[PDB]
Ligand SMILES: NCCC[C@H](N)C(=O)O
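Just one chain is shown here, as structure tokens, and it is the form solved without the named molecule.
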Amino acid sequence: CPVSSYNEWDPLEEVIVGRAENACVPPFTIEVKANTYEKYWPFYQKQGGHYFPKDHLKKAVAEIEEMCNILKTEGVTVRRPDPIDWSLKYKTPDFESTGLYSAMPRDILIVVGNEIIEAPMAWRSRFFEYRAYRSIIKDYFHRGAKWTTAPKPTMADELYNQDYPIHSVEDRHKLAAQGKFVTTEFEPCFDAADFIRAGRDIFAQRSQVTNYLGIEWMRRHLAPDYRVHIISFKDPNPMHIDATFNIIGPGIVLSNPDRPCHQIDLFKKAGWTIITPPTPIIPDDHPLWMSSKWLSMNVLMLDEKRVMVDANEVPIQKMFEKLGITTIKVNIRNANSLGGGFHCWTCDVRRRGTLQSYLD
């Protein structure tokens, strides 16, 4: 079976790497505003519907092609989504929108065992993102893999809190602590990147794009073989868990010092090593349209002792080296601007290993 991955660290054999081509700035709607820093709100307001800066995209394209060359050198088979113009305006009976990109396979695809799952998504500009990946998925399906598409939401107004009182990220953090997010519990929705795998146990967070119904759908669909746990953090990342709590080995996890886990004691009791990475050194003047500087810890493990890490982030490279983990440095400074690091730009399709429990 070409598809087989139970965790984030077993020896990597095949991976899907996103594309930066034709990425479009999403219209500035309520859910986009709730998942981005205010510094960029006017950019979205103005550039909405247009391509991200083409000079910047060209650099990202170059960085990602090099990343793929390195992956191939490290013995990994690389598949890429189909090139698509994301500027096309589509219209469902519930809304109309232009697209985003197919830069982050981690946001839409998650592999659990021999099954590839397409997440529903929660942004109107990402409704048809799955189209870029169908050629690959059908190929794996023809080769024996299980293929699942979680229920696609209508993304009607009822799914969003149109009047979400966010005027700054600080407001968002407070609302979030109150259990208030831009997405309601109207219908299931989730981004696959809000889930992180550790064999029989999968961890998820309720975020601005992943609601409890979405998590419950995953929990119910995967039981009894897998257990989906809900964890939460202080001042959480609006969307996606991999730059907050990145599991890098059996019983080893990188925990973002700025977003501590409320359930950290569950992990300590299981005898897990919680590593807090050093701060990112990325320039504050560098544009990060989505996500934050913590992309430095959004690493991808080639195996337990080999990590693909940002070439510029020396301090975290040192941390890994002191732990006896070989650093494969790759520069994706411009690709970072699109909202992701190594874990985000990929979806591990096949890792060599079996299903096991690490929480004991």
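Only the largest set of C-alpha atoms that superpose within 1.5 Å between the two forms is called the rigid core. All residue numbers refer to positions in the sequence shown, first residue = 1.
When the other structures are laid on the shown form by the rigid core, the stretch among 296-304 and 36-44 with the greater C-alpha deviation in 8 other deposited structures of this protein turns out to be 36-44. Annotation: of the segments 160-168 and 68-76, 160-168 departs further from this form in 8 other deposited structures of this protein (C-alpha atoms, root mean square over structures and residues, core superposition). Looking at 266-274 and 118-126 together, the entry lists the larger mean B-factor for 266-274, computed on C-alpha atoms. In this entry, 69-77 has the higher mean Cα B-factor, the comparison being between 69-77 and 182-190.
Per the PDB record, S168 has a higher Cα B-factor than any other of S102, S97, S168, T148.
Per-chain ranking of the deposited C-alpha B factor places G199 in the middle third. Among the modelled residues of its chain, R227 has a C-alpha B-factor that falls in the middle third according to the deposited record.
Per the PDB record, residue ranking by Cα B-factor puts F141 in the lowest third of the chain.
Per-chain ranking of the deposited C-alpha B factor places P250 in the middle third. Compared with the other modelled residues of the chain, the Cα B-factor recorded for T210 ranks in the lowest third.
If you look for the form deposited with the named molecule bound, you will not find it shown, but the lines that follow are about it.
Residues with any non-hydrogen atom within 4.5 angstroms of the named molecule in the entry with it bound fall in just one of 148-156, 263-271, 174-182, 235-243: 235-243. In the entry with it bound, at least one heavy atom of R259 sits within 4.5 Å of a heavy atom of the named molecule. The named molecule is not drawn, but in the entry with it bound it has a heavy atom within 4.5 Å of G339. Not displayed here, the named molecule is kept clear of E129 by more than 4.5 Å at the level of heavy atoms in the entry with it bound.
When the named molecule is considered in the entry with it bound, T36 lies well away from it, no heavy atom lying within 4.5 Å. This chain lacks the partner; the member of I16, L12, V25, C344 within 4.5 angstroms of the named molecule in the entry with it bound by a non-hydrogen atom is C344. Shown without its partner, the chain has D107 as the single residue in segment 99-123 with a non-hydrogen atom within 4.5 angstroms of the named molecule in the entry with it bound.
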